[PDB]
């Protein structure tokens, strides 16, 4: 359907999906399954798209949408209501609870342990990726990273992700080896976000890494892209214990 199913050795206890722009009600340039409430779309259309998502994904409960600020804070999903959802990642060990990260070029990373008793979702735009959102998400697991699986969701691929030296400086400041992921391209660099994610995951001992095959910018029939469209919708990536 509209939904991507992660190609990873997913535990029996785990369910996951990642939305596309297909199968909603929003008009261009939000066309059609826009899940974003802060990008200037009709709030009634977004509401209806979030309902279509809930049904298409057979989610057991409403996704816990975060107040994403492109940082490295993780929200442990211990039960609604929540005082503050100011975070760029969520962690769950609670059956039926849905971790959700909202993107349109930023890397969504979905995580679970081999046992299929812990899950998480992280929003890794370059700012949060650089800051350590993936490392902070992995550090919320009780299980050792050797037993953690990660799935690199649809993000802006290295064909498309032109950045200035400012972004390269920021990553190399934290871990010089990030240099490998930035390739000179005119007066700017092409950044490999999947490569930077693989670096950070390896840094905390996550070795079992899947996905990384998509490009939100290039695959315009399937994804919104902030870089491509500027005014556009948002996809989201979801994981839960069944």
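Residue numbers count along the first chain shown, from 1.
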Segment of higher mean CA temperature factor, 122-130 or 71-79: 71-79
Given 5-13 and 223-231, the range whose Cα B-factors average higher in the PDB entry: 5-13
Entry-reported Cα temperature factor of residue 208, expressed as the chain third it lands in: middle
Modelled-residue ranking by C-alpha temperature factor, third containing residue 146: middle
Third of the chain's Cα B-factor distribution that residue 45 belongs to, per the entry: lowest
Relative C-alpha B-factor of residue 33, binned into the chain's lowest, middle or highest third: lowest
Third of chain Cα B-factors occupied by residue 58: highest
